[PDB]
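Below sits a lone chain in structure tokens, taken as the form deposited in one PDB entry.
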């Protein structure tokens, strides 16, 4: 039994979404945060997450419930237009575009991701766009394609501390490669906001978490999120422990002192959790 800290705007977003051919990770993961992200924050912003390039990943990360197969179906060439259209009609404030990894594609899908960003920004430049990208196996030209697509925030996850990369992630991912992605995004587009996420509860200790946060700062990562690893099914990695609410508040203070522009830290925090609210409050510093 999970610890208890892991248990108008929303209905307006839900009713509008019912008519549009758009499908989210928010509902198709049964995310416990949909009440918060979908309009229930301080600024009442709407954030949601859409996953491009199919529902089958070429990788098999043991923390992740996305289905895996060696030869996923080909890309839906209509998805960039259909997605960007459906987002603009849904009326979102901040959208997180993410995707499965497509190691079967030479550019890992970067052109597909970039086309979606570009379509959306032309329809409505008022929408903030974050892309949570694959590592593209370190392909600098693929990273460059997305970084130049006009997005506001370039995100890519390290997921865990360097010592646990081989346990937690598919062998095609690693810590230095992920840092190279974030560094190259900033090199190609210096005014982009860079962002990464770490899960706690997988066996890391405090010394490794601090060292990781320090290294992320040296790589000029602007924003950080920390949340609890929650085991999707009994076949996935076992939870080593549930981090306390007060310990997550400790890490937020540590991230502030290290100079992250925001450190979103809490048991239910995910990469996309209230991403629009964190952007508005800490980067835009909007007065309500």
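Only the largest set of C-alpha atoms that superpose within 1.5 Å between the two forms is called the rigid core. Shifts are known only where both forms have a C-alpha. Residue numbers count along the first chain shown, from 1.
The same protein also has a form deposited in another entry, omitted here; what follows describes it.
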Comparing forms between the shown form and the other one after core superposition, the one residue of 42, 55, 257, 220 displaced by 2 Å or more at CA: 42
After the core is matched up, is the C-alpha of residue 13 off by 2 Å or more between the shown form and the other one? yes
With both forms fit on the core, is the shift of the CA atom of residue 27 between the shown form and the other one 2 Å or larger? yes
Is the CA-CA spacing of residue 47 and residue 258 tighter or wider in that other deposited form than here, given a 3 Å or more change? farther
Which way does the C-alpha gap of residue 20 and residue 82 go in that other deposited form, closer or farther, given it changes by 3 angstroms or more? closer
Note down every stretch of 3+ consecutive residues with C-alpha shifts of 2 Å or more between the shown form and the other one, superposition done on the rigid core, in sequence order. 8-48
